[PDB]
Amino acid sequence: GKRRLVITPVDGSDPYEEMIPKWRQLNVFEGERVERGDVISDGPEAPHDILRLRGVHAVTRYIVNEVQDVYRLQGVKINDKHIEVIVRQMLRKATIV
Amino acid sequence: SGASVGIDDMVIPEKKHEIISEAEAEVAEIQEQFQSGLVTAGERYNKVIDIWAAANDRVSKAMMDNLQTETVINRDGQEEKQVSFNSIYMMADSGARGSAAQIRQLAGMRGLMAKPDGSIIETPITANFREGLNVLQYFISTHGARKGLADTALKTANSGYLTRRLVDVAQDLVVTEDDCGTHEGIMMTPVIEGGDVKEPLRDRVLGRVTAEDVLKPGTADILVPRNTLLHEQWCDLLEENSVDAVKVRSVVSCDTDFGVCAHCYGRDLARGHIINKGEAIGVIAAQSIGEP
Amino acid sequence: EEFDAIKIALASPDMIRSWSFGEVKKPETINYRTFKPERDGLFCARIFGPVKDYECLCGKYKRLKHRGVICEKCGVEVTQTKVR
Amino acid sequence: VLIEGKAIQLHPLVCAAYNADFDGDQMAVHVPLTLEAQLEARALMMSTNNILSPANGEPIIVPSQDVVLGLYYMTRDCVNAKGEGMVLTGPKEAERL
Amino acid sequence: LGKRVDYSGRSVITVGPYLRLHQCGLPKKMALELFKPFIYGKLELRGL
Amino acid sequence: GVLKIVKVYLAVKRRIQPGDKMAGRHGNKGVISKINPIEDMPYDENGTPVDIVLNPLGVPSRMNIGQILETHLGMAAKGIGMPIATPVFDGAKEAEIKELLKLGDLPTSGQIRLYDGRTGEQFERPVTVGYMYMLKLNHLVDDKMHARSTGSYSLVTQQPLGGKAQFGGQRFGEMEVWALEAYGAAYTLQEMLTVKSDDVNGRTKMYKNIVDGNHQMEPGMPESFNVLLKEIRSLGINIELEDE
Amino acid sequence: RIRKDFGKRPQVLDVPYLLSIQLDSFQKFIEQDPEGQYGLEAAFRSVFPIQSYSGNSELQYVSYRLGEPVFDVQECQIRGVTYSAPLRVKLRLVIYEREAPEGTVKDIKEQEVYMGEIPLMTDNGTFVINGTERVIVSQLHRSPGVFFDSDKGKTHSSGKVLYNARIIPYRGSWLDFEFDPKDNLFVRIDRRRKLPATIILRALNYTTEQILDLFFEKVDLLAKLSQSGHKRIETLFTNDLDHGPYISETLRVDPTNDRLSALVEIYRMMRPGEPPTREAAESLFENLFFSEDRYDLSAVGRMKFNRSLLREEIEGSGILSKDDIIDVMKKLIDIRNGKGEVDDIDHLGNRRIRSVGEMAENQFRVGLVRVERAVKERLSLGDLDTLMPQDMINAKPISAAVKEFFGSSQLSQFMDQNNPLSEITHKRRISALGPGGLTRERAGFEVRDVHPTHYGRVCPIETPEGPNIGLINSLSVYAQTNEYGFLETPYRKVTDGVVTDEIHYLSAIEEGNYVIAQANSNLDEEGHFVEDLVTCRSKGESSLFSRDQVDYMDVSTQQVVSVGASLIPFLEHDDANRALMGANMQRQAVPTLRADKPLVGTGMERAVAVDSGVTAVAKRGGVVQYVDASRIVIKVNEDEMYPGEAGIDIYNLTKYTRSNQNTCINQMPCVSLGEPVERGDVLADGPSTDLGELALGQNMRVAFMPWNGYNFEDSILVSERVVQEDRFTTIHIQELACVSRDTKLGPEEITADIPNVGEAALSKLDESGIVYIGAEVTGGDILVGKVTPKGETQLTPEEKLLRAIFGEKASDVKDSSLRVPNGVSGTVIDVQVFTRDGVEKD
Amino acid sequence: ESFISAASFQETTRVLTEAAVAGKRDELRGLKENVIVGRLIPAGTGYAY
Amino acid sequence: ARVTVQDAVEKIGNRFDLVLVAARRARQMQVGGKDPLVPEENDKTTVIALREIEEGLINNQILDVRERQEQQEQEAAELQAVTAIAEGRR
């Protein structure tokens with residue numbers, strides 16, 4: 001199966017390489033300027049993983065819209081402002097490195 | 001209305017004998033290739049479904065097509081109590097009660113059942129309640145009737161587990177004041193590049209006062225005031241030519257200690273105005289997503 | 001009226017000694033005969049107070065004439081059944 | 001409102017909210033004592049003030065089975081016309097569209 | 001978690017065309033039982 | 001400690017009363033609510049008041065059309081004065097019954113002209129009239145009318161109960177608490193916790209406020225809270241209240 | 001009145017006795033007069049000879065005896081006593097001083113001793129405990145046998161057909177001979193006692209040139225057997241032997257305290273240890289015992305043994321040589337090559353029921369062996385020759401586990417007396433609940449449904465709607481159970497084209513092994529078949545083509561429907577959904593005054609009221625004397641015509657009486673006086689039935705047409721004319737009682753002459769304590785006069801003040817009668833007074 | 001910050017010991033912290049603002 | 001619906017405010033008797049019964065509102081002080 005590091009982005013220093021099961025569906029193709037935190041595959045994404053780059057204004061918009069996706073296929077409509085009030089609660093803490 | 005019922009009120013569409021003709025053509029060639037030995041019994045076990053499962057849907061659509069032309073006041077049904085009503089079409093079009101699936105069991109066919117395991121019955125049961133179902137054909141109809149009260153024994157239990165987590169946390173998330181002290185710069189700029197890959201929506205911008213004065217292309221006196229509300233019509237102008245970043249006061253961009261002002265939020269949704277001081281947007285937001 | 005803030009702190013034997021009036025040594029509870037608690041027992045009236053309204057366990061003070069006076073023979077004050 | 005009988009009569013149009021049928025169900029009723037609650041019962045607890053849906057924004061209370069039947073009956077035509085003409089005498093068939 | 005209400009009623013549910021959007025019907029005898037502490041408060045002021 | 005025993009029965013002739021449920025053999029579940037007078041009750045030509053008016057509202061979802069061969073055939077069987085033997089998965093036929101319907105009285109389709117007893121104008125499109133085999137199911141006592149206002153209370157628990165002669169109070173479940181908090185109320189939330197259950201000294205004082213036509217003051221401190229202070233006190237930890 | 005019929009489809013057989021299952025089965029346990037020693041005798045063969053060896057004492061069983069009951073029959077219904085009959089067994093105890101029953105001198109022996117007492121069966125077949133009759137319903141479970149399941153993971157092992165071998169004796173042992181490579185061979189014993197299997201075969205006399213030298217050639221997956229033996233590269237034979245080769249001494253090496261040595265090591269696994277003085281400390285469990293045999297002389301564990309395995313060796317295994325370990329390992333390899341022995345989990349042919357007859361056995365044994373723990377306690381206190389009579393065995397212990405079953409179990413419920421028809425249907429069901437091992441609450445989507453094999457066995461229609469769907473069901477019309485367990489259904493046999501009219505009852509065991517055709521199949525004269533594509537089935541698999549493969553066909557089409565769902569008019573026009581919602585509500589019916597037979601029927605409503613035993617049936621010819629609406633007496637002609645000498649057989653006509661669920665069970669005399677009647681003739685019709693068929697409800701007219709909104713959701717208006725004729729009148733009936741007590745103040749008494757200050761309590765009570773029958777008032781009155789003095793007949797000074805305002809008249813005694821509870825009152829039926837009767841009252 | 005908060009949910013045997021040592025003077029600002037003591041709701045209709 | 005109820009929520013730019021406007025004052029009118037109510041008897045509900053009018057209700061007093069006034073502790077401190085209220089019999 002494929003190796004690399006989940007589509008290892010090549011920079012101007014020293015790249016990195018790991019491994020990942022073949023049970024992953026491809027989403028992003030070649031020739032795409034993608035940074036850290038942006039979902040590469042499909043489905044849910046580790047909140048603690050994207051937390052390293054996204055920060056707050058980005059990690060929040062993701063979890064809010066992601067939930068609005070499953071309620072989108074159903075047919076019911078609900079304003080995302082009902083989630084932006086409960087997600088902010090997870091922004092009360094901040095560990096010190 | 002004078003709606004009633006009779007022995008001849010259960011008429012059957014003539015389109016039924018038109019959709020079975022094309023079906024018999026395939027059936028008259030499914031056993032022929034079976035007796036030869038070129039087609040396994042398993043090959044014809046999943047092919048009979050890909051022809052009858054689509055033959056019981058077109059029959060219902062071809063029927064209602066006639067009950068909306070020369071006559072519509074046609075009266076069908078039987079003689080029982082529930083929530084529906086006579087005129088099998090008048091109530092189905094009014095949006096009262098009567099799905100194409102249920103109606104099918106009165107003027108159309110019976111459809112395809114299902115085995116207790118997961119497979120599907122071979123020989124279909126076209127025989128309707130009009131002529132009467134055979135003893136053997138009725139033995140299979142009892143198998144698919146067990147899948148009804150078995151897939152809803154979870155949602156009727158307690159689907160309020162979702163709201164069981166939010167309320168016990170956002171119980172302190174309530175409006176504390178009208179105006180905090182934040183400027184217009186450091187906030188939240190909802191980009192148009194969101195979702196799975198790129199599927200924007202008016203939902204996010206729906207009801208929220210803008211912050212900075214976005215300079216949008218066009219003639220003079222076109223810019224949007226940095227102190228005005230946002231209506232469903234006002235947003236249609238934004239997501240039409242801008243397609244850029246829009247500075248707007250959000251909830252997670254509030255600068256206060258425990259709470260969110262009225263401006264940082266938006267509409268009330270419950271009525272038709274701005275959220276009033278006292279709206280527990282931390283409790284109602286949990287039930288609004290817990291009940292669906 | 002209403003409640004404001006709540007204070008919490010460890011408990012010391014010096015403080016617990018204040019609320020308490022004595023120590024129980026006899027595991028025995030009450031009697032099935034006269035329905036009277038045992039002396040220095042679990043349900044002793046010497047420390048936990050009287051059982052009935054304005055009356056000891058023996059029978060020295062019954063009438064309401066005594067608003068509240070300890071007995072020289074019993075050693076139990078005269079109060080209601082609420083302070084139990 | 002007082003009514004002769006041993007049952008609780010419920011509004012038909014509000015049945016869409018309680019999602020219950022009159023087949024033999026059962027419902028309990030509470031009664032406010034304090035005046036303060038009596039005021040709130042006519043402020044937000046009442047039904048005449050909660051017409052729209054908190055989630056989306058569309059009217060939750062809508063015609064059911066009978067109330068919609070009477071309206072769809074009175075509002076009925078026949079369509080299936082030809083085009084446009086002078087037509088002053090001859091046709092005149094009921095109230096066709 | 002659960003506190004029993006001192007004043008509550010319960011019975012079979014029926015329909016009522018006479019009722020309005022902001023109205024609800026209820027049993028006759030149940031009215032006396034529910035508003036018991038209240039009905040006595042008015043009877044004294046009256047002549048009953 | 002008993003001399004002798006005296007047994008006395010109590011036979012009760014329960015008569016028809018709006019509140020029970022009726023269902024035949026097909027599953028036509030229903031319920032009587034209002035008794036339709038005879039004055040405003042339409043009839044046929046010869047003048048025959050309807051024994052009971054059903055409800056033509058609900059059929060396609062049941063999918064049990066079969067009692068038709070019992071209504072129409074039952075009407076013709078009366079006019080001819082004969083029992084019908086129909087086995088299972090067989091018996092009569094649409095063409096066989098239709099031929100029998102030829103006799104009877106006069107009709108043959110089932111739809112007879114119905115004259116309105118209210119306005120007087122004949123109902124457009126005649127309705128069907130025949131005999132239906134129904135049944136009156138027993139009225140369970142689990143749906144009896146119950147209502148409580150005042151009752152006894154415990155000691156340490158101090159909550160509304162329900163004896164024999166007295167009814168029981170509906171326990172305000174937590175499921176109805178959050179639904180109230182959503183509105184953003186106040187006083188109507190603290191009441192369903194204190195006076196109306198736990199609070200004792202605030203329950204008696206309130207009873208002496210709506211009797212003279214006055215108003216009840218604010219509740220006090222819950223009993224399940226002032227005892228917890230002692231419950232936790234015996235755990236090697238000291239708790240003390242404090243105002244501002 | 002001409003009777004025009006349509007269809008007929010003549011049947012070669014009629015509906016068997018619906019109450020045949022719960023009748024013959026219970027008659028195979030008691031064994032009183034008919035048989036000699038079989039059923040009940042088997043129960044005394046398990047407990048006896050009970051041996052409490054403590055020196056020289058032995059108790060041997062001889063025979064049983066069933067004499068007369070405790071007292072009268074009509075007396076245990078007004079006190080709550082289970083009508084039964086004590087038993088008498090013979091005991092032969094011996095004392096250390098050589099005192100065994102065999103002589104007349106120094107040899108004492110008793111023969112008649114009554115302690116235990118078991119209930120009996122009467123007419124219909126329903127027990128009666130504590131007044132309320134109890135009925136036992138048989139349950140369905142998977143019959144114990146050798147099956148073949150699967151196992152997740154592994155994907156690189158051995159075993160039987162698939163992997164882990166799973167057998168289920170009954171309690172003996174769960175023999176597991178799986179194979180795990182690498183090093184240690186995976187072998188269990190009873191739980192998970194892990195140990196090398198390389199030394200096991202060595203104990204059964206097998207060298208290193210048998211299992212790993214003549215089996216490794218066909219498979220190189222013996223990495224678990226080539227570990228202990230250590231057969232690396234070909235080297236010097238002798239002087240290089242290990243555990244495998246040698247047998248007695250065995251190699252003495254192992255990284256631990258103890259040391260392995262094959263034979264003398266199987267016990268070393270249990271710390272600490274003990275000398276080889278116990279050659280049979282556990283091996284005596286896998287031999288002569290109830291371990292192997294799952295039933296008496298393998299009467300049940302026979303079909304599921306020699307059919308899959310090889311043969312059979314004695315009831316158990318034996319001494320050293322064990323053919324129970326070699327006859328099983330030969331299968332794990334046999335199927336591993338190519339066979340075909342797969343067992344279906346959800347297969348009716350693998351699950352049988354246990355009727356009341358069988359349930360009465362295992363419940364009588366556990367209650368009898370209970371006294372064993374009491375006959376040893378009274379022995380330590382025994383003197384000399386005084387511990388011979390009934391000074392050991394006790395009645396209470398044995399009469400405890402027997403009364404807690406017929407009134408306190410998962411199979412004992414109250415009969416539904418809401419409808420005479422619902423009565424037989426209540427026993428015509430089989431609950432899937434019972435043993436915790438044979439029944440679990442796991443997710444069985446392919447079990448809680450209907451299987452094609454249920455056609456003719458269990459009605460796929462009559463099933464309790466709700467969460468408990470699929471579990472509880474009902475028996476079909478042509479469905480009867482034999483003396484084994486499985487359900488047997490009639491099936492006509494055929495042999496290549498020709499067809500025999502003669503039917504053939506067959507179980508569900510061979511139902512899947514053979515092919516069954518369809519009843520609605522064409523047939524022209526017995527000899528030739530009229531089709532080349534017979535639509536038949538083959539165990540949950542509808543086959544096709546071939547006419548010689550079949551051997552059985554369906555004789556009746558009614559075999560699919562139950563006994564209660566076959567009374568509804570036109571079933572082919574009814575959906576399986578409403579066909580059930582119309583049956584589960586039918587059993588909740590109630591006898592009404594205005595009851596008449598439906599205008600249309602099927603002809604099965606008559607056979608119901610007969611087998612149910614609702615209407616009175618004469619057992620002898622003769623004329624009728626009286627025809628009272630409460631009592632009917634028929635005189636027979638067996639004795640000379642004499643006013644006081646004849647076969648007087650009064651028929652007690654039950655009037656308005658109580659019921660299990662407050663219903664109405666009355667009978668109306670339909671026979672006049674003078675007209676001679678014979679066997680089969682009905683004397684009086686039942687409650688909810690006219691002439692003896694159905695008649696549960698009634699028929700009314702209807703102007704089918706909506707009514708301005710009033711009929712919103714399931715709302716129905718009813719004409720007032722219906723109420724005028726009071727056609728819907730149901731008698732509920734309750735139960736009140738007054739109990740007198742011996743209070744410290746002073747025992748009160750009931751009398752009409754009460755020193756009360758009123759008269760309201762005198763208007764009713766006039767018949768000396770009691771009151772007349774039938775009247776009318778309201779709730780909150782007096783039923784039985786009570787005079788209980790209070791305050792020690794001493795009034796208080798402060799009390800006289802209150803009554804001094806409202807007429808000073810304070811009597812010593814008051815009226816503390818039982819007032820009518822809240823709700824609705826009613827008339828009285830009967831009145832019973834037992835003022836200390838001379839009978840045996842407690 | 002409140003001790004009664006986490007006490008009314010998961011893990012309560014821990015917060016009652018951590019707040020006892022330092023002595024936290026928790027104020028009625030939450031929601032469930034009021035339902036247990038009995039007082040006017042610190043929000044909705046009645047708030048500081 | 002009801003009388004002058006939707007007019008009180010449209011006149012002022014808030015709904016939660018109108019609550020206490022006719023809550024902490026209404027319940028206070030009963031515990032204080034009826035004399036504190038100085039406005040005329042014009043602004044009063046109407047109850048049809050026995051050809052007369054009783055009770056009183058409220059929601060008709062909200063007219064002259066203001067921002068800052070009294071705290072919140074004195075509302076029932078000097079209220080129950082000036083008037084004790086009770087219940088006596090002859």
# chains A, B, ... in the order shown; residues from 1 in each chain; ligands from 1
>>> select_by_dssp(residues="chain D", states="alpha helix (DSSP H)", output="number ranges by chain")
D: 15-18, 35-40, 66-74
>>> write_last_selection(atoms="N, CA and C atoms", output="tab-separated table (two decimals), in the first residue's frame")
chain	number	residue	atom	x	y	z
D	15	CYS	N	-51.74	19.45	18.26
D	15	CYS	CA	-51.40	18.03	18.34
D	15	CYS	C	-50.07	17.74	17.66
D	16	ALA	N	-49.66	18.63	16.75
D	16	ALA	CA	-48.40	18.47	16.04
D	16	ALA	C	-47.21	18.70	16.96
D	17	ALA	N	-47.44	19.41	18.06
D	17	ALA	CA	-46.39	19.69	19.03
D	17	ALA	C	-46.26	18.56	20.04
D	18	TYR	N	-47.39	18.07	20.53
D	18	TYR	CA	-47.40	16.99	21.51
D	18	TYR	C	-47.27	15.63	20.83
D	35	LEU	N	-48.09	34.04	41.89
D	35	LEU	CA	-48.53	34.96	40.85
D	35	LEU	C	-47.42	35.19	39.83
D	36	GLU	N	-46.17	35.17	40.29
D	36	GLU	CA	-45.03	35.39	39.42
D	36	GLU	C	-45.01	34.38	38.28
D	37	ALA	N	-45.27	33.12	38.60
D	37	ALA	CA	-45.33	32.06	37.60
D	37	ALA	C	-46.56	32.22	36.72
D	38	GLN	N	-47.63	32.76	37.30
D	38	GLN	CA	-48.86	33.00	36.57
D	38	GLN	C	-48.64	34.00	35.44
D	39	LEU	N	-47.72	34.93	35.66
D	39	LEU	CA	-47.38	35.93	34.66
D	39	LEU	C	-46.50	35.33	33.57
D	40	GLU	N	-45.55	34.49	33.98
D	40	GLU	CA	-44.66	33.83	33.04
D	40	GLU	C	-45.42	32.83	32.17
D	66	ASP	N	-58.09	17.45	9.18
D	66	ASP	CA	-59.41	17.99	8.87
D	66	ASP	C	-59.36	19.46	8.47
D	67	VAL	N	-58.65	20.26	9.27
D	67	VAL	CA	-58.55	21.70	9.02
D	67	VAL	C	-57.97	22.00	7.64
D	68	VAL	N	-57.16	21.08	7.12
D	68	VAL	CA	-56.55	21.26	5.81
D	68	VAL	C	-57.47	20.72	4.71
D	69	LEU	N	-58.31	19.76	5.07
D	69	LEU	CA	-59.24	19.16	4.12
D	69	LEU	C	-60.30	20.17	3.66
D	70	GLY	N	-60.82	20.94	4.61
D	70	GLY	CA	-61.84	21.93	4.32
D	70	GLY	C	-61.31	23.06	3.46
D	71	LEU	N	-60.02	23.36	3.60
D	71	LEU	CA	-59.40	24.44	2.84
D	71	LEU	C	-59.05	23.99	1.43
D	72	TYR	N	-58.58	22.75	1.31
D	72	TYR	CA	-58.19	22.21	0.01
D	72	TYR	C	-59.41	21.92	-0.85
D	73	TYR	N	-60.56	21.75	-0.21
D	73	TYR	CA	-61.80	21.49	-0.92
D	73	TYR	C	-62.38	22.77	-1.52
D	74	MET	N	-62.49	23.80	-0.69
D	74	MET	CA	-63.01	25.09	-1.14
D	74	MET	C	-62.10	25.71	-2.18
>>> interface_residues(of="chain E", to="chain D", cutoff="6 Å", atoms="only C-alpha atoms", output="ChimeraX atom specification")
/E:8-16,24-28
>>> interface_residues(of="chain H", to="chain B", cutoff="9 Å", atoms="only C-alpha atoms", output="list in words")
residues 9, 29, 30, 31, 32, 43, 44, 45, 46, 47, 48 and 49 of chain H
>>> write_last_selection(atoms="N, CA and C atoms", output="mmCIF file, in the first residue's frame")
data_model
loop_
_atom_site.group_PDB
_atom_site.id
_atom_site.type_symbol
_atom_site.label_atom_id
_atom_site.label_comp_id
_atom_site.auth_asym_id
_atom_site.auth_seq_id
_atom_site.Cartn_x
_atom_site.Cartn_y
_atom_site.Cartn_z
ATOM 1 N N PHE H 9 -21.832 16.576 39.264
ATOM 2 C CA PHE H 9 -21.662 15.766 38.064
ATOM 3 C C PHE H 9 -20.758 14.568 38.337
ATOM 4 N N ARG H 29 -23.078 31.482 41.139
ATOM 5 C CA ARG H 29 -22.978 32.096 39.820
ATOM 6 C C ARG H 29 -23.415 31.123 38.730
ATOM 7 N N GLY H 30 -23.312 29.831 39.023
ATOM 8 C CA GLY H 30 -23.682 28.800 38.071
ATOM 9 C C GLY H 30 -25.183 28.635 37.935
ATOM 10 N N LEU H 31 -25.617 27.404 37.683
ATOM 11 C CA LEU H 31 -27.035 27.109 37.516
ATOM 12 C C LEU H 31 -27.474 25.989 38.453
ATOM 13 N N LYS H 32 -26.849 24.824 38.311
ATOM 14 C CA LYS H 32 -27.185 23.671 39.137
ATOM 15 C C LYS H 32 -26.718 23.873 40.574
ATOM 16 N N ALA H 43 -29.965 33.723 36.655
ATOM 17 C CA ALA H 43 -29.969 34.035 35.231
ATOM 18 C C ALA H 43 -31.389 34.120 34.683
ATOM 19 N N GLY H 44 -31.516 34.004 33.365
ATOM 20 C CA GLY H 44 -32.810 34.067 32.712
ATOM 21 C C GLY H 44 -33.526 35.378 32.970
ATOM 22 N N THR H 45 -34.583 35.321 33.774
ATOM 23 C CA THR H 45 -35.358 36.509 34.108
ATOM 24 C C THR H 45 -34.609 37.396 35.096
ATOM 25 N N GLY H 46 -33.967 36.771 36.078
ATOM 26 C CA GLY H 46 -33.236 37.502 37.096
ATOM 27 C C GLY H 46 -31.730 37.390 36.949
ATOM 28 N N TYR H 47 -31.117 38.430 36.392
ATOM 29 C CA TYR H 47 -29.668 38.470 36.232
ATOM 30 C C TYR H 47 -29.107 39.780 36.776
ATOM 31 N N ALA H 48 -27.802 39.806 37.024
ATOM 32 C CA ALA H 48 -27.148 40.984 37.586
ATOM 33 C C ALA H 48 -27.384 42.238 36.745
ATOM 34 N N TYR H 49 -27.402 42.073 35.426
ATOM 35 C CA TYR H 49 -27.565 43.203 34.517
ATOM 36 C C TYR H 49 -29.019 43.649 34.402
#
>>> atom_distance(atom1="atom CA of residue B:134", atom2="atom CA of residue B:82")
27.3 Å
>>> residues_around(residues="stretch 1-5 of chain E", least_positions_apart="3", cutoff="12 Å", atoms="only C-alpha atoms", output="count of residues only")
48
>>> residues_around(residues="residue H:6", least_positions_apart="3", cutoff="12 Å", atoms="only C-alpha atoms", output="compact mmCIF listing (two decimals) with N, CA and C atoms, in the first residue's frame")
# COMPACT_ATOMS: atom_id res chain seq x y z
N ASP B 168 -25.57 20.11 31.14
CA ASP B 168 -24.78 19.96 32.36
C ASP B 168 -23.41 20.63 32.26
N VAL B 169 -23.25 21.49 31.26
CA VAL B 169 -21.99 22.20 31.06
C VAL B 169 -22.22 23.66 30.69
N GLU H 1 -13.78 26.46 38.86
CA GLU H 1 -13.33 27.03 40.12
C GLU H 1 -14.20 26.57 41.29
N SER H 2 -15.50 26.44 41.02
CA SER H 2 -16.45 26.00 42.04
C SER H 2 -16.23 24.53 42.38
N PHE H 3 -16.50 24.16 43.63
CA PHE H 3 -16.33 22.79 44.07
C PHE H 3 -17.64 22.01 43.98
N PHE H 9 -21.83 16.58 39.26
CA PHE H 9 -21.66 15.77 38.06
C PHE H 9 -20.76 14.57 38.34
N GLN H 10 -19.73 14.40 37.51
CA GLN H 10 -18.80 13.30 37.66
C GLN H 10 -17.68 13.65 38.63
N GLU H 11 -17.25 12.67 39.42
CA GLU H 11 -16.17 12.86 40.38
C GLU H 11 -16.54 13.91 41.42
N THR H 12 -17.13 13.47 42.53
CA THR H 12 -17.56 14.37 43.59
C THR H 12 -16.79 14.13 44.88
N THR H 13 -16.29 12.91 45.05
CA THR H 13 -15.54 12.55 46.25
C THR H 13 -14.17 13.21 46.26
N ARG H 14 -13.80 13.82 45.14
CA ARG H 14 -12.49 14.45 45.01
C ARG H 14 -12.53 15.95 45.29
N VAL H 15 -13.55 16.62 44.75
CA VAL H 15 -13.67 18.07 44.88
C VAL H 15 -14.01 18.50 46.31
N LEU H 16 -14.66 17.62 47.06
CA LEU H 16 -15.04 17.93 48.43
C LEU H 16 -13.85 17.88 49.38
N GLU H 18 -10.54 18.68 48.03
CA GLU H 18 -9.59 19.66 47.51
C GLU H 18 -9.98 21.08 47.90
N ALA H 19 -11.28 21.30 48.12
CA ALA H 19 -11.78 22.61 48.49
C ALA H 19 -11.84 22.79 50.00
N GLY H 30 -23.31 29.83 39.02
CA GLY H 30 -23.68 28.80 38.07
C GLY H 30 -25.18 28.64 37.94
N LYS H 32 -26.85 24.82 38.31
CA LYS H 32 -27.19 23.67 39.14
C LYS H 32 -26.72 23.87 40.57
N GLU H 33 -25.86 24.87 40.78
CA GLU H 33 -25.36 25.19 42.11
C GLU H 33 -26.45 25.85 42.94
>>> closest_atom_pairs(of="chain F", to="chain C", cutoff="7 Å", atoms="only C-alpha atoms", output="Markdown table")
| residue | atom | partner | partner_atom | distance |
| --- | --- | --- | --- | --- |
| F:220 | CA | C:1 | CA | 6.2 |
| F:236 | CA | C:11 | CA | 5.8 |
| F:237 | CA | C:11 | CA | 4.7 |
| F:238 | CA | C:11 | CA | 4.6 |
| F:239 | CA | C:8 | CA | 5.2 |
| F:240 | CA | C:7 | CA | 5.7 |
| F:241 | CA | C:6 | CA | 5.2 |
| F:242 | CA | C:6 | CA | 5.7 |
| F:243 | CA | C:4 | CA | 5.1 |
| F:244 | CA | C:4 | CA | 6.1 |
>>> residues_around(residues="stretch 65-80 of chain A", least_positions_apart="5", cutoff="9 Å", atoms="only C-alpha atoms", output="PyMOL selection string")
(chain A and resi 43-44+60) or (chain B and resi 194-196+203-204+206+269+288-289+292) or (chain D and resi 54-57)
>>> interface_residues(of="chain B", to="chain G", cutoff="8 Å", atoms="only C-alpha atoms", output="VMD selection string")
chain B and resid 2 to 4 79 81 to 83 116 to 117 129 to 135 138 to 139 141 to 143 145 to 146 149 153
>>> write_last_selection(atoms="C-alpha atoms", output="compact mmCIF listing (two decimals), in the first residue's frame")
# COMPACT_ATOMS: atom_id res chain seq x y z
CA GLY B 2 -70.29 12.85 1.41
CA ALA B 3 -67.23 10.62 1.08
CA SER B 4 -67.97 6.90 1.36
CA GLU B 79 -63.78 1.33 6.35
CA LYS B 81 -60.43 4.56 11.84
CA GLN B 82 -56.97 6.11 12.18
CA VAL B 83 -55.94 9.51 10.82
CA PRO B 116 -35.43 -13.09 9.10
CA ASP B 117 -31.73 -13.32 8.26
CA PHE B 129 -55.77 -7.75 -1.04
CA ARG B 130 -58.41 -7.25 -3.74
CA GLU B 131 -58.22 -10.78 -5.15
CA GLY B 132 -56.81 -12.21 -1.92
CA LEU B 133 -53.33 -13.49 -1.11
CA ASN B 134 -52.56 -17.21 -1.31
CA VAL B 135 -51.76 -19.28 1.78
CA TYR B 138 -49.20 -14.96 3.00
CA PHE B 139 -46.57 -16.99 4.86
CA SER B 141 -45.68 -11.51 4.16
CA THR B 142 -45.30 -12.29 7.87
CA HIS B 143 -41.50 -12.24 7.68
CA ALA B 145 -43.73 -7.55 8.96
CA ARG B 146 -41.28 -8.19 11.80
CA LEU B 149 -41.32 -2.76 15.24
CA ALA B 153 -37.12 0.36 19.41
